[PDB]
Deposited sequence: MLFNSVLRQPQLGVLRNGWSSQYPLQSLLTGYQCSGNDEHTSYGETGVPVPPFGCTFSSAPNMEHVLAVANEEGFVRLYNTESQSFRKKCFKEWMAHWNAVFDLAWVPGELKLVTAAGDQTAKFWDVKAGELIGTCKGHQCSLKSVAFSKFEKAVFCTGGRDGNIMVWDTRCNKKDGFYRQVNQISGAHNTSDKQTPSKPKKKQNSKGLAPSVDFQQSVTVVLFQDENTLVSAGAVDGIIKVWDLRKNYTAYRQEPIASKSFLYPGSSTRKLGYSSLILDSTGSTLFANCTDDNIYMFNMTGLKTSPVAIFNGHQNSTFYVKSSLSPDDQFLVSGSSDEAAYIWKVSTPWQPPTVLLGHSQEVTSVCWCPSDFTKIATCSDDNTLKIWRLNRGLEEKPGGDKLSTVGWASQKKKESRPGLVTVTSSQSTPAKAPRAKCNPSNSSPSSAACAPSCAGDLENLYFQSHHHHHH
């Protein structure tokens, strides 16, 4: 229990439950409520609301609260999270692309941001002072993911709709303002063979997922795949463990803080939890109870690696406990359209930015004072967390 864990700490000392946190905080998950102030509508160029997709927190020092967001018109807006003022949240706005943005990534430990777009290019931004450092080019189709390794800030990799995977180095020669691929993995996820999500486990190990093949692959970047002359062979390959015979494809990849476990949403509405530090290729836990019908649905982990929050096409965000998959999930109702690219705040356990297709980027915060003193009816709170039954 939560109270007993806190009570016993002074006498017994620190005890390791398995996750980063020293206390079980699954009891307070029902207190998540999003106020009416956090209903930011990402308005388009014409003035009509536009669905935002892809929105992540930052990591620069003294700025671990800014939440970027992108939409279908290429608008990228930085949002303050701790402050409470509707017009004060948008302190930075610009046109990243003219053909939407499909992913975002903050440079670790720095205030630099990269956008993955349908323009078959990826821009490098300095959000500290608005400017375009460079525009990486080389993909033959629309990009779909950008990943930064937290152990190496100057190296990032992208995975496009065309199907090949290229890793860039910002320290390389600028040439004529266009960055060039350092290593390229041609045909990484062949059976429209799009690489749905790319991810960086370590400074060298890279993890990828496919939209059609349905096998997670782990590549090491020490070797050069540009001159492979055949289909590259991954160092490790987590085979598809489900039962459906249809050609499936994963939509999101997520690791914990230690980088051992991997969570991968799939088209079968399951979130398989693999382990990448052992010989057990088979999944450890099977999270289910949502509807992962669309590839846009993404997930994120709690800062203490104790809870997994994922989007769904049933207009709700689901939070399972990472240690007890059998328990019913906590459902964050409040949206009328599907919920995509949910981002739990890594620098604050309280904040959960439930990013949505409803043209409303909601920021959910813990409300332990449920009794409080006023009620404000249902106008004040627009999102209510409830355990699924």
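Residues of the deposited sequence that lack C-alpha coordinates fall in the stretches 192 to 215, 414 to 471.
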